[PDB]
Number of protein chains: 4
Amino acid sequence: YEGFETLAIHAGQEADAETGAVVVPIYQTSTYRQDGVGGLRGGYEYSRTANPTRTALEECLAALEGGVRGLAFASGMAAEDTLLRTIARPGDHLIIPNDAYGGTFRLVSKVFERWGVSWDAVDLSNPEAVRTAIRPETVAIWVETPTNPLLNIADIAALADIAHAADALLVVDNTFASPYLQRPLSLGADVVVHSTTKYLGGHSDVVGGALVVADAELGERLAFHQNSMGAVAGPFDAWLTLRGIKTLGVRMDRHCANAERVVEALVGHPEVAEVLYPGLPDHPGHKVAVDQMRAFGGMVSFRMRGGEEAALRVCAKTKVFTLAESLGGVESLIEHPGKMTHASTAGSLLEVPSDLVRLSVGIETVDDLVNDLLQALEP
Amino acid sequence: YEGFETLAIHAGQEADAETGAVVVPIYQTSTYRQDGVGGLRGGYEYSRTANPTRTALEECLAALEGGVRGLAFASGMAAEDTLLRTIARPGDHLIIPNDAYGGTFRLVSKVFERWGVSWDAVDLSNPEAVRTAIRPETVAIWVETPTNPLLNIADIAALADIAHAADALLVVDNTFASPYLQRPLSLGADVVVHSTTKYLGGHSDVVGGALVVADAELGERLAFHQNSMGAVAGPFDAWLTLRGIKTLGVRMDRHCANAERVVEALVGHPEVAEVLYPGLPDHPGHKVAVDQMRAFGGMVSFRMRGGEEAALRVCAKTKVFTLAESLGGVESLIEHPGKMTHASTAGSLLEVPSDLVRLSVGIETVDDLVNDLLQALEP
Amino acid sequence: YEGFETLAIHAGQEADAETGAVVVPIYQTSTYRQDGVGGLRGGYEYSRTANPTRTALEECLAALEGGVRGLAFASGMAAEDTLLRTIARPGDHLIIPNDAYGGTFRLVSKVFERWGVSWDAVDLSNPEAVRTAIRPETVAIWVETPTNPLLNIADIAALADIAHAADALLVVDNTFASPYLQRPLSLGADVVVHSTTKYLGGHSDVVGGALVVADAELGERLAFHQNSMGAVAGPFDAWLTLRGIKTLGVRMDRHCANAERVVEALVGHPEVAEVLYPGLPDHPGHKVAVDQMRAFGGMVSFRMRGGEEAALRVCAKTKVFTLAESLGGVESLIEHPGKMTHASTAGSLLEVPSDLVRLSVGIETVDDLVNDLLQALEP
Amino acid sequence: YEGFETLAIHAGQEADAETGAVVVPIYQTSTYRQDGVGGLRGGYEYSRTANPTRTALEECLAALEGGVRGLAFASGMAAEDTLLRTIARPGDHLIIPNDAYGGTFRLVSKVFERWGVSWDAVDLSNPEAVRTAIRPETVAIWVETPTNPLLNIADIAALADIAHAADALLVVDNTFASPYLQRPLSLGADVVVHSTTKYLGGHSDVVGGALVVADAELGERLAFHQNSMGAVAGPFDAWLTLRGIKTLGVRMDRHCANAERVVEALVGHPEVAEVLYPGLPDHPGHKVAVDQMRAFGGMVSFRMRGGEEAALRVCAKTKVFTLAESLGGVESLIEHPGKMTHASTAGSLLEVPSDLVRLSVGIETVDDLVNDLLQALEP
Ligand SMILES: C/C=C(/N=C/c1c(COP(=O)(O)O)cnc(C)c1O)C(=O)O
Ligand SMILES: C/C=C(/N=C/c1c(COP(=O)(O)O)cnc(C)c1O)C(=O)O
Ligand SMILES: C/C=C(/N=C/c1c(COP(=O)(O)O)cnc(C)c1O)C(=O)O
Ligand SMILES: C/C=C(/N=C/c1c(COP(=O)(O)O)cnc(C)c1O)C(=O)O
Ligand SMILES: [Mg+2]
Ligand SMILES: [Mg+2]
Ligand SMILES: [Mg+2]
Ligand SMILES: [Mg+2]
Ligand SMILES: [Mg+2]
Ligand SMILES: [Mg+2]
Ligand SMILES: [Mg+2]
Ligand SMILES: [Mg+2]
Ligand SMILES: [Mg+2]
Ligand SMILES: [Mg+2]
Ligand SMILES: [Mg+2]
Ligand SMILES: [Mg+2]
């Protein structure tokens, strides 16, 4: 019964057999010598197929999510693409969230639709809407919780039962929460998706993705697509992601504490119309968040009274929060989803409000973050 | 009119503006600060979308193939997958070679067929067979030349005219030849594919892929899929591939000279039934190779008189050639395609002979390579 | 008045000017293009002299210690060697601690003595002994606090006054405490030394050293030796050290909390004769530690009742603590100084007790660490 | 009797035992798990002491120079510093060249002199001057051949006999020639020094140094200083140096051929007063170069008729040759030693002529290099 922080450092990461090296080597190699034809050493043959550094990351992620198999990819989006290429085909249907990362929307609507996959965007916070959106062709329900960027909450255990009753898979994109705060497989999810670019790598310095599954056969079907389509994490990126994972617990603890302080500063600020944070008792889905999340995350969104004009001004004015896409780094980030990460959802059911600002609250000294926001908000 | 070796070192690789750093930095970053919302610095916003180290590799590859746009991917197979997802849809048809990398076959037959793409494998050395294989649904002709592993030759300029007459694209997988020996865009190809894992990286230490195109609009459609599906080369892998490219000319020169010597040792060896090398005057397609290749490459295949049993024994017995998948490294590699790279083609039109051995002749001292083969061949 | 955690992420680490890259690039370059002879771009000319990634690490370390200049080296020992080559010459004298890293002892006694530098080892916890050890030739007092491995405490401010009265420099090796817990320059130290291999890098994956100084002229004399002797941190190692520094605060917080719990488990364990931890009220120098350290660190040493035999058995029996040299990693480490890090002090005034075990308490889940020690201690 | 190119790829570089990885892993680790106290795995204990990636580079360099032991350092200058700290002490004397890298001069005159080592600069092309410069205190003769930047030649075998008759060591800095062109240990040198930054790494992207010795005991004394002073090559830099070494033969072949063409363009150019190249029959020491070098190198120096003013203009005007310090990269470099690499020798016996330009002729297409020089030379 090893604890999460122990697993993050040790799972998949036994000291090297030959040398005792305490950290997994970077196997910057394409290929592997065989002892006679098919005589694999340690099961390795070609780095696309499997690479020992990538195996370490895959085994660690499986341990942290409580799954049987992890698979690492070149980006979050490549994990999504390999997943959907594996579980869908022409004629199938997907339920996606009505608030989700714009790239997810873009991949489903602009690539998979052209390849014959139908879809509907549903309010996943409303289990009735999810149950009635099921079609005979539905292969999967795609869940983000909290959603990007509104931080809406979906009851994983409830939606798992709806998916399974329809013989569909439940996919949970656990990027925002991370395995430290939320463990979807433990609530009946079939697949967990991550952008490891975010909290897992933790340092805004490595683009990557991952899948973790409960079912070994689905894991083998995904692995066939990992090998065949080849959208793999390279060994050095996998190595940096794994290095980041070692501090996930201590980072997330501080992200959550700093975000709670930032929410206190935003609530009742006269220029702020609305604060979105799953820890606020009146946030939609707060009680679901309390039952399925250890803590409420580092992400905070808010709507400016003065509209788009005011939101764009705040974004430009921060001196510690950096105006950039992405999230989950040690460094604080700010963005305007409507013109940045979610420009790809303009005109759709997933369009974000133009008065919204999204924060990734970092692990900087909290007074510096609060003071930076307060000066940026001053009209 | 800069020469190839000059471009390989300089194209895309001006010294850094701020510091003068003569080598492109490794931009190990996920994201980029914007000067106000949408105020991109140098056009950068998020590493999946574009990363400055990956841009350098993409611009260099475009210069070497004479194309307008390069795109770098997580592997050769991911370049293939992004290409086919972009140019095909359900109902389309592909012509592929009757001798090709087993992964290419596997991606088309085991993934794209399930996604509604029909295909036929054709002898691309026979332009009549190619012309009659065109269907009204054909979107592309997929060419390897020389083929993996038989080293058969296809007349690029001839097949370009057949493709274009049918309003189809000509795709040339130029992995074996490299841009130093063969420039398909100059002969009317629409798309060049590479596994950069092979001769471009050159050191068996980085899995990667690339696409280069002549047409800027097709380049933008591919780039949309690079971003959306996210199967990108990470910056450190891109950086090592670019480092490898700097020595492509001098490496390939030596691969070709060492391969010619190895072919001399194999021809007439009493245990060798047949030697496959495009430089042999009686090799099928020799005259086409002379007109479209600067030299005939580092790859050599041969068939053992004593059958599969003899081929497997040679593979196990080399002490300088390493028994492993892959090719195009400085180090010599040997394999048995039937049980290794082309196990995925068993039972298909692309099945390889069980008595065949494939060599990637490296840049080691040639007498050591010849002597190693001669001892391995001795029964 | 930016806080420590803010500085650790931001100092020296403004977003890239050209691209906005939020993380400092890895300038894996030897040299830099000049605009006419001596026309340096951004002040760069040759990576040994200065490298932009190494400058970022050097500026960050200067900010965290409150110094004017940082300098990064190939290892802790190379920082020590460059320091001593700069400030000493034949005929000079050094005061060193009577308990110190064995490599420090080895460099002074086995290299600098042969090069004409005399030395004495003194109890730095006894300011009278330090004051009477001053000789007319004394150039520096070399302080570790806490000491490696007994964790003895030296009053930095007191020893600074003794050094300065003698026109000598006070050097503090702040490796064990890190800048998060202790800031020697603020108490009158002239030079801070680190093995960045330990808590600063934080992940047992990069050997490196650093110097930070208060006085810009001493900084320039050291920099002349950094350039001339060339024992520099390479850019990728500097980059990983800088990545590690971003989480120093959150890591050290957890190291200190886990170490306090481990000390509770060891105190009164029937096999344990003595527990060494600066936070124990009866530890020698506890009151000095309270006034100069924010918290008492991740290191814990203890002496077994059953002697050397019992200590060696504990070292071999841990399953979560890894038996290895080094310290300050996220992963827990255990060692026997007498036969490992301090074999080099056997027979000297710095000989360690043979019944002593040294712990680097990591950031694993604390119950797993306590349970691992308790099973290892059971006879 | 394996050949040089074979050794460069294979020596020290057997495929990984556990996984078969064909390329040496990057052991980005500080420490190594022991099986009981002192139970080393594969002989590893701490990365400063030894690191498996650095061991591979050290073993490869030993094979290429024909020595018993290689040692890798953080820079060329750090290799020099560790060497001199090992073999000299206060009161000793060194003979150095009268034309040498300015950093070598700076380390000896500005650091080791202050530490009690006397020195004289001698014309090493004149064995009589070398023999009469020997003092009873002389511990070593330090040889560059060809010299930096005049490319003067020293007869290694002759100077070895002079050194050995005096019970002194012969040190040869073989940076410019590389082990591919010249093997000083085979001619009686005791120590070979390299800046691996130059031709060995080969890509202007990794600062590093090395020592190789014939005598295992001197190797152990040097290794004690490598460990104790800690000026080690880090594993990723060692790995890139080793990657570079794989193409040394093919690169140097092309450097030598391109340099011979550049010399033809410079000889008789009306603006050029003198061309310095060891392959010119009238170059001082040409016959010695023919007997001890396989070929005459990539470096070319020349003196402008129009003095310093003309030399500085040429340096600024090249568009393919990059104006920067350093040499031995695939990319062509140009500099003015008097104001750049050898500003540190101004006012000494090693002062370089102010009308001199130094070229590192790269492996770009030769016509582009010749045409670039011809336009830069045009007044
Ligand atoms: C610019 C990127 C942001 N997000 C990405 C993202 C991805 C896609 O992950 P890669 O970017 O492909 O690693 C997947 N799933 C979720 C919930 C995400 O937010 C961002 O919002 O700021
Ligand atoms: C094990 C791999 C071998 N080949 C690969 C390959 C690829 C696929 O490239 P990635 O392996 O995805 O970079 C694409 N195109 C060609 C003509 C190829 O040979 C091999 O044969 O030995
Ligand atoms: C094996 C190394 C251990 N220590 C090292 C050390 C260094 C030397 O630092 P590099 O090892 O050269 O980075 C300097 N200063 C202190 C207080 C140290 O403890 C160890 O104890 O376990
Ligand atoms: C800027 C550096 C140049 N040279 C360096 C050098 C070194 C010193 O090697 P690191 O620079 O410490 O790796 C040692 N030995 C020789 C014959 C050298 O030329 C240069 O000349 O352009
Ligand atoms: Mg392992
Ligand atoms: Mg293992
Ligand atoms: Mg609208
Ligand atoms: Mg640039
Ligand atoms: Mg530029
Ligand atoms: Mg059959
Ligand atoms: Mg910068
Ligand atoms: Mg800057
Ligand atoms: Mg004793
Ligand atoms: Mg090995
Ligand atoms: Mg081995
Ligand atoms: Mg003068």
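The rules we used
Residues numbered from 1 in each chain as written, not as in the entry; some residues may be left out. Chains lettered and ligands numbered in written order. Heavy atoms only, no water. Residues with missing side-chain atoms left out of burial classes, pairs and counts. Helix = DSSP H or I, 4+ residues; strand = E, 2+ residues; numbered from the N terminus. Rg over C-alpha atoms; globule rule 2.2 N^0.38 Å. Near = heavy atom within 4 Å. Polar contact = N/O pair within 3.5 Å; in protein donor to acceptor, adjacent residues only side chain to side chain. Areas by Shrake-Rupley, 256 points an atom, 1.4 Å probe, with all protein chains shown as cover. Nonpolar A, V, L, I, M, F, W, Y, C, P; charged D, E, K, R; others polar. Domains from an automatic or database assignment. Least-squares fit on C-alpha atoms. Contact = heavy atoms within 4.5 Å. Pairing = 2+ DSSP bridges. Axes fitted to C-alpha atoms, helices over the stretch in contact; angles between N-to-C directions. Buried < 20%, exposed > 50% of the residue type's maximum accessible area, 1.4 Å probe, protein only. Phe/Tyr/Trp six-rings, centres within 6.5 Å; stacked < 30°, edge-to-face > 60°. Salt bridge = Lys/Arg side-chain N within 4 Å of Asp/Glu carboxyl O. Buried area = accessible area lost by both parts, 1.4 Å probe. Right-handed = clockwise from strand over helix to strand, strands pointing away.

Method of determination for the deposited model, per the PDB record: X-ray crystallography, at 1.500 Å resolution.

It is worth spelling out the overall build of chain A at this point. Scanning chain A for helices and strands turns up 13 helices and 12 strands. Relative to the 2.2 N^0.38 estimate, which gives 21 Å for 379 residues, the radius of gyration of chain A is 21 Å and therefore close to what a compact globule would have. Overall, chain A is about 75 × 50 × 35 Å in size when its C-alpha atoms are taken along their principal axes.

Let us now look at the site of ligand 4. Surrounding ligand 4, one finds 21 residues, the nearest of these being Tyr46 and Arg48 of chain C together with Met77, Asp173 and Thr197 of chain D. More than one chain approaches ligand 4, the contributing ones being chains C and D. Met77 of chain D has a polar backbone atom sitting 2.8 Å from an oxygen atom of ligand 4. One of the side-chain nitrogen or oxygen atoms of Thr197 of chain D is found 2.7 Å away from an oxygen atom of ligand 4. Protein chains bury 100% of the 500 Å² of accessible surface belonging to ligand 4 in isolation. For the shell around ligand 4, the element with the highest residue contribution is helix α3 (residues 76–87) of chain D, accounting for 3 residues. Its residues assigned to classes, the shell around ligand 4 comprises 5 nonpolar, 9 polar and 7 charged. When residues are assigned to domains, the shell around ligand 4 turns out to be shared by domain 1 (4–245) and domain 2 (249–377) of chain D, each giving three or more.

On to the relation of the copies chain C and chain A, then. For the pair chain C and chain A, the superposition axis carries a translation of 0.0 Å, the fit reaches an RMSD of 0.0 Å, and the rotation angle comes to 180 degrees. Seen this way, the second copy is the image of the first under a two-fold rotation axis. Measuring from the rotation axis to each C-alpha of chain C, the shortest distance belongs to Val250 of chain C, at 2.8 Å. With an isologous cut-off of 70% or more, the 100% of interface residues of chain C that recur at the interface of chain A puts this contact in the isologous class.

Our focus in this paragraph is unusual backbone geometry. Omega for the bond connecting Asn148 of chain A with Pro149 of chain A falls within 30 degrees of zero, at 15 degrees, which places this linkage in the cis form. Counting through the fold element by element, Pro149 of chain A comes out in the loop between β4 (138–144) and α6 (156–165). Cis rather than trans, the peptide bond between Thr145 of chain D and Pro146 of chain D has omega equal to -15 degrees. Mapping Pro146 of chain D onto the fold places it in the loop between β4 (138–144) and α6 (156–165).

Take the sheet that holds strand β8 (residues 272–276) of chain C next. All names here are of chain C. Across the sheet, which stays open at both edges, the 5 strands sit in the order β8-β9-β12-β11-β10 with mixed pairing between neighbours. Strand pairing shows two members of the sheet lacking a second neighbour, β8 and β10 (322–323), which therefore form its edges. Pairing geometry for β8 and strand β9 (residues 299–304), over 4 bridges, is antiparallel. Pairing of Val275 across the sheet is with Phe302, part of β9. Set on the sheet, helix α10 (residues 248–266) makes contact with β8, β9 and β12 (356–360); between it and β9 the angle comes to about 15 degrees. Most of the contacts of helix α12 (residues 307–317) go to β9, to which it runs at about 135 degrees, and overall it touches β9, β10, β11 (333–335) and β12.

Before going further, it helps to examine the pairing of strand β6 (residues 191–195) of chain A. Residue and element names in this part refer to chain A. With 5 of 5 residues buried, β6 is to be regarded as a mostly interior element. Relative to β6, strand β5 (residues 169–173) is paired through 3 bridges, and the arrangement is parallel. In the strand pairing of β6, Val171 is matched with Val191. Across 5 bridges, the pairing between β6 and strand β7 (residues 209–213) is antiparallel. In the strand pairing of β7, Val191 is matched with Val213.

Mapping chain B onto chain A calls for a screw motion: a turn of 180 degrees about the axis and a shift of 0.0 Å along it, with 0.0 Å RMSD after fitting. In this assembly, 100% of the residues forming the interface of chain B have copies in chain A that are likewise at the interface, indicating an isologous arrangement.

Next up on the list: the packing of aromatic side chains. By the definition in use, this model includes 30 aromatic pairs over all chains. Centre to centre, the rings of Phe105 of chain A and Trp119 of chain A are 5.6 Å apart; their planes meet at 90 degrees, and the pair counts as edge-to-face. Pair noted here: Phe105 of chain A is in helix α4 (residues 102–112) and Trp119 of chain A is in strand β3 (residues 118–122), with a separation of 14 residues, a long-range link. Each member of the pair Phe105 of chain A and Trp119 of chain A is classed as buried. Both rings, one in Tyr277 of chain D and one in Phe296 of chain D, keep their centres 6.4 Å apart while their planes meet at 70 degrees; by these two values the pair is edge-to-face. Taken together, the residues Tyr277 of chain D in the loop between β8 (272–276) and α11 (286–292) and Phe296 of chain D in the loop between α11 and β9 (299–304) connect sequence positions 19 residues apart. The exposure class of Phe296 of chain D is buried, given its relative accessible area of 18%.

A word on the site of ligand 2. Contacts to ligand 2 come from 21 residues, most closely from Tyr46 and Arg48 of chain A together with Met77, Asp173 and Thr197 of chain B. Looking at the residues close to ligand 2, they fall on chains A and B. Contact between ligand 2 and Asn148 of chain B: an oxygen atom at 2.9 Å from a side-chain N or O atom of the residue. In the complex, 99% of the free accessible area of ligand 2, which totals 500 Å², lies under the protein chains. No other element matches helix α3 (residues 76–87) of chain B, which puts 3 residues into the shell around ligand 2. Taken domain by domain, the shell around ligand 2 gets at least three of its residues from each of domain 1 (4–245) and domain 2 (249–377) of chain B.

Time to look at the interface of chain C and chain A. Contacts between chain C and chain A engage 34 residues on the former and 34 residues on the latter. Residue composition of the side of chain C that touches chain A, by class: 13 nonpolar, 10 polar and 11 charged.

The next point concerns the pattern of salt bridges. This structure, assessed with the given rule, holds 52 salt bridges over all chains. For the salt bridge of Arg85 of chain D with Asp81 of chain C, the shortest nitrogen-to-oxygen distance reads 2.6 Å. You can see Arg85 of chain D sitting in helix α3 and its partner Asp81 of chain C sitting in helix α3 (residues 76–87), one on each of two chains. A single burial state applies to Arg85 of chain D and to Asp81 of chain C, both of which are buried.

Attention now goes to the domain arrangement of chain A. Quite often, the size of an interface is put as the accessible area lost when its parts meet. Residue and element names in this part refer to chain A. By domain assignment, chain A separates into domain 1 (4–245) and domain 2 (249–377). The distance between the C-alpha centroids of domain 1 and domain 2 comes to 26 Å. Across the contact, 39 residues belong to domain 1 and 43 residues belong to domain 2. Between domain 1 and domain 2, a total of about 3200 Å² is buried, with carbon and sulfur atoms accounting for 62% of that surface. Its largest share of buried area at the contact with domain 2, domain 1 owes to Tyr180, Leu181 and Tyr199, together 24% of the area lost on that side.

Turning our eyes to something else, we now look at the sheet that holds strand β9 (residues 299–304) of chain A. Residues and elements named next belong to chain A. The sheet built from 5 strands is open, its strands ordered β8-β9-β12-β11-β10 with mixed pairing. A strand with exactly one partner marks an edge of an open sheet, and here the two such strands are β8 (272–276) and β10 (322–323). As defined by bridge partners, strand β11 (residues 333–335) adjoins strand β12 (residues 356–360) across 3 bridges and the pair is classed as antiparallel. By the bridge assignment, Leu333 is partnered in β12 with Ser360. Of the strands in this sheet, β8, β9 and β12 touch helix α10 (residues 248–266), which is tilted by about 15 degrees from β9. Sheet strands in contact with helix α12 (residues 307–317) are β9, β10, β11 and β12, and its direction is about 135 degrees off that of β9.

Looking now at the environment of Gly328 of chain C. Summarising the element assignment, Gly328 of chain C is placed in the loop between β10 and β11. Excluding its chain neighbours within four sequence positions, the residues that come into contact with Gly328 of chain C are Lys198, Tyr199, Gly202, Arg251, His255 and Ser360 of chain C.

To continue, consider the pairing of strand β3 (residues 118–122) of chain C. Moving residue by residue along a regular strand, the side chains alternate between the two faces of the sheet. Residues and elements named next belong to chain C. Note: strand β2 (residues 93–97) against β3, 5 bridges, orientation parallel. Across the sheet, the residue bridging to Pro97 is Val122, located in β3. Following the backbone out of β2, through helix α4 (residues 102–112) and into the adjacent parallel β3, one traces a crossover that is right-handed.

Glancing now at the interface of chain B and chain A. Taken together, the contact pairs 64 residues of chain B with 64 residues of chain A. Interface area lost by chain B to chain A is led by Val37, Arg114 and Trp115 of chain B, which between them contribute 16%. The interface formed by chain B and chain A contains 2 salt bridges. The tally of links from chain B across to chain A stands at 32 residue pairs in polar contact.

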